[PDB]
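The next block holds one structure in the form of C-alpha cells; read it before the comments.
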Amino acid sequence: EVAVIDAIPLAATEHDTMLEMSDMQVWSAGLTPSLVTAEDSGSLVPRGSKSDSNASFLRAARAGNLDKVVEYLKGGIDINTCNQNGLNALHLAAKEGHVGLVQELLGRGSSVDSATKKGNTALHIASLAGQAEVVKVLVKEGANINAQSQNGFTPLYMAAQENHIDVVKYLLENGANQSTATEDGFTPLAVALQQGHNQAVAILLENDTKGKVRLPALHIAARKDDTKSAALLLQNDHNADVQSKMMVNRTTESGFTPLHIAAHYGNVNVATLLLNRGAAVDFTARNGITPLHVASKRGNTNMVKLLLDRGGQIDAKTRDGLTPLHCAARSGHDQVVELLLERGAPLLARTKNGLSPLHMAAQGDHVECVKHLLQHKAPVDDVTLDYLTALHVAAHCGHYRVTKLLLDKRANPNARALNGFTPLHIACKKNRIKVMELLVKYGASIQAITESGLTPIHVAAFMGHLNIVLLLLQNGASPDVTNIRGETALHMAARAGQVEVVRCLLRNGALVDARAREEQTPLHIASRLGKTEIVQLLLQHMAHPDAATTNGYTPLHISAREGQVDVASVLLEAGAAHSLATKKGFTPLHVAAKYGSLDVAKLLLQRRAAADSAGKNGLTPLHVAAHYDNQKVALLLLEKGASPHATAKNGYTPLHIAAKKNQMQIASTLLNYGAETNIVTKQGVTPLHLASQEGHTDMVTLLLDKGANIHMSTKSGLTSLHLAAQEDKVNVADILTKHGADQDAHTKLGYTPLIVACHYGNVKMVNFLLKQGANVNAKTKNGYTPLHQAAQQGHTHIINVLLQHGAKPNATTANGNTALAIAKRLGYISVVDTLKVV
C-alpha cells in the first residue's frame, strides 16, 4: 500500500490548532441564572358529582369573591379542591392579591404551605407576583419562608427575580435565607444580578456577608458588564499578597477568572474595575489560556488594548504554542492583528509544528490578516517544520481568495514541501478545482514530481478526482510519467479501482501495457486485486492478456493465485492463453493446484486445459496439488482425467508426494483411482518407503491395505523396515513386523535392520526386532554382528540387552576383530568392562 500520497501532517495540525482554540469558550451554563415560570391559572373547567361545582368554586377564588366562596365552603365543597396543576383556592387568591379572601381561607382551615404539582406554596405564588400584603398575612400565619419549589426556588429568589423591592426587603427582615440555592446553584443575589435589578442587588448584599453567595455573582457581573454591582461585590475583597486567594482571581469551574470572562464578552468597563481591584492580567486556564488569548480570539480590540497596557504578555503561548497573534490571525480579526503587531507581537512566533501567524490566517481564508502580516514584512513563503508555505496551507483548504492574494504577493507556486509536495500536488489531492486552475495560471509545474515520483496526475487519478485528471490532460499533463516504482497514472488508477479515471486515461492515450517494476502492466494489478470491470476496460483497449511479469506470471496465473474466478473468466473470453508457463515451469492450472483455487481450476479444465500439463521438473498439477494438501482440486483433476501413475524427473508419482507429507485424504483418493503402490523411482523408492521414513503411522496402514509389498529393497538393498529403524520410527516398525517384514534380509553391504537399530542407540527398537526372529549372531559383510556395532559407538544399554539374548563376545571379523578390540580402540571404560563379565 502507498501511504506516500498523503501530506500526512496537515489535517492533524488543523485539529491541534482547532481543539486548543475551540476550547476558549466560557460555559455560560453557570453564568446565566435560571428564571422562574409563574403558575398559569388554568381555564378552570370541570374535571365526582361536585366536578362542575369544584371548578366553579375555584373561579370564584381567582376573582376574589369572598361571598360566593363562603357559600361553596358551607355547600359541601372541599377547600382543597384543585385544578390539573394542583392550584387550590388559597393559591388563586394569593396570586391576585385578594388579601381579605386569604385571611378568610386560612381562617376556614386552608393548609398554608400546601404545594402545587411544581412545589409552589401560597408564599411562592404571592412573592413572584408582588403581593406584599398577601405575603404579610402568609408570613405571619407561619408559612414556610424557605420552602423550595421543584427546581429549588425559594420565595426570596422569586422576589429578587421580579424586582419586588418591598417583598424582598420584607422577606429578608423575617429571616429568609438568601444563601439557600437552586439545583443549578443559583442564589437570590445571582438572579437579581442577572435581571439587572441593582436596587435588589443592593439590598441583598447588605444582609449577607458570605463570599460563598458572592463569587458566582461576580462572574455574572463580569459577563453582564455590571460595574456598579462588581464594585459592591468587591467591597470586602482586601488587597492580599497571594493573588489566587483574592476573591477577584478566584475561578469558575472552567478555571476562568472574572477577567477571562470580561475578556470574552469584551467588557472593557468591568474589566478595568476588576483590574484596579488587583485582577491578575496573566492568570491561565486549561492549556495556558490567558485573558489576552481570549480577547484576541474574540476580536475584542479594546480589551486587547487594555490587557496589553496592564502588562499582559503579548507573546504568551498556549501548550502548543499559540500566541495571541496566532489566535487573532486564525480568527480573521485584522484590527486586533495589526494592533498586536504594532505593540510588537512576535510576527514569526511558531506553534509546536512551526506555523507562524501567517499560516493561521491562510487557514481561515483571512485576506486582511494576511495583508497586514505581509505588510509588516512576514516572509510570504515562510515555512513550517514540514516546509509548508502559506500557499500550501491555502491550497489544502482550497481557499481561493487567500491563494490569489499570496500568488500576487510573489509566493512560489512551486515551493516544494517536505516530500516534494507542491501546492499543486496538494490542491489536486484535496480535489480543489478552483485553486488548482489558479495555481497553473500562476505557474505551477503541471508535471512536477514528489520525492516518491508522484505527479499531480498520479495523485488526482489515484484519488479518483476525475475533473482534475481531465484538466491536467487538457493542460498538457502526460499520463505516462512514472514514479519510483515505474508505475504510471494508469497503474495507480487500477490499483485504486477508479473506474471512470481508468477510462478517461485510456480515452486520452495512456500506454495500456506500460511496464512498471517487475514488468507488470496495469492489467496485472487489476487481475491481482480482482478489479473485474477494470480488467475488461484494459482488455477493451488492446491490453495483451498474455503479458508476463519478470518471474513469468500472466494475468491468468495471477487469477489462479488470488482465486479471482470472475477475473479468470473475462481473460479466457478475451483469448488468453490457458497453458503458458512461468520461469519455474508452472501453467495457470499448476498455480490453482498450489493455492487451492477450486473455482478457477474448474473454469480452466472446461477450457481444454491439459489436466496433466508438465514443467521442466516434469510435474503435473496433480503433483502440486498433492504436495500442498489441496484436497478438492486434487479430486477434481482425477475426475477430469489426471494419471495417478504420472511420474516426474526424479520418478515420484502423486502417491509418493502424499505419502511423505501425510496427506491422508489425498492419499485415499489416489488409491481409490487405482494408483499403484508398488512402483519405484530411479533410486528404488516406493510410497511405502516415504510414508514409513517420516513416521506416519496411519499412512503406512492405508498403503498396505491396498496392496503394498513390505519387503522391497532399494538399489542399495533397503526395505521400509530398514528406514523405520534409521529414523527411530518405533511405531512404524511395530506395524511392519505385524505384517511380516523379514529382519533376516541383508543389503548389498550385508547389514540387516538389526544393524541400523543398534547404531543410533534405539533400546526398544532392537528389542521388538529380536522378538520376531532376528538373530544377535547374524554377521554382515565385514563380519560385524549386532555386538560388533554396539561396542563401537559406546552403546551401554544395547550391549547389556544383546548379552541377555546370547551374543557371544568371542567372534572375530574377516581380518580378526572382536567386540573387545573396538571398545578398547576408542577408550570406552564401561564397555570393555561388560564384555569380560559375559
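Here, residue 1 is simply the first one shown, and the rest follow in order.
Header says: X-ray crystallography, 3.5 Å.
The backbone N, Cα and C atoms fix where each Cβ goes, and this holds for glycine too.
What the PDB entry records for this protein:
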SEQADV    42-49  linker
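Pulled from Swiss-Prot, these are the features on record:
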MOD_RES   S53  phosphoserine
MOD_RES   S56  phosphoserine
REPEAT    85-114  repeat 'ANK 2'
REPEAT    118-147  repeat 'ANK 3'
REPEAT    184-213  repeat 'ANK 5'
REPEAT    215-242  repeat 'ANK 6'
REPEAT    353-382  repeat 'ANK 10'
REPEAT    386-415  repeat 'ANK 11'
MOD_RES   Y400  phosphotyrosine
REPEAT    518-547  repeat 'ANK 15'
REPEAT    551-580  repeat 'ANK 16'
MOD_RES   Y553  phosphotyrosine
REPEAT    584-613  repeat 'ANK 17'
REPEAT    617-646  repeat 'ANK 18'
REPEAT    749-778  repeat 'ANK 22'
REPEAT    782-811  repeat 'ANK 23'
Taking the 2-residue hole in the deposited chain, the Cα-Cα distance from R47 to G48 is how many Å? 8
Counting other CB atoms within 10 A of each CB, which of the modified residues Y400, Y553 comes out lowest? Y400
Could you tell me what the rest of the chain brings near the repeat 'ANK 6' (215-242), counting residues at least six beyond its ends with Cβ under 8 Å? 26, 28, 30-33, 185-187, 189-190, 193-194, 196, 198, 201-202, 205, 209, 248, 250, 252, 258-259, 261-262, 264-265, 267, 269-271, 273-274, 277-278
Which number gives the other C-beta atoms within 10 angstroms of the C-beta of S56 (phosphoserine), all protein chains shown included? 16
How big is the Cα-to-Cα gap, in Å, between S56 (phosphoserine) and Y400 (phosphotyrosine)? 72
Kindly report the helix/strand/coil residue split of the repeat 'ANK 2' (85-114) according to DSSP, in that order. 17 helix, 0 strand, 13 coil
Measure the Cβ-based neighbour count of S53 (phosphoserine), defined as the other Cβ atoms within 10 Å of its Cβ. 16
Spatial neighbours of the repeat 'ANK 2' (85-114) far in sequence, C-beta under 8 Å, 6+ residues away: 38-42, 57-58, 60-66, 69-70, 73, 79, 120-123, 125-126, 129, 131, 133-134, 137-138, 141-144, 147
Cα separation, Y400 (phosphotyrosine) to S53 (phosphoserine) (Å, whole number): 75
DSSP on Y553 (phosphotyrosine), three-state: which is it? coil
Distance, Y400 (phosphotyrosine) to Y553 (phosphotyrosine) (CA atoms, angstrom): 48
Report, as numbers and ranges, every residue of the chain located at least six residues beyond the repeat 'ANK 10' (353-382) whose Cβ falls under 8 Å of a Cβ in that stretch; write 'none' if there are none. 9, 13-14, 16-17, 320, 323, 325-334, 337-338, 341, 347, 388-391, 393-394, 397, 399-402, 405-406, 409-412, 415
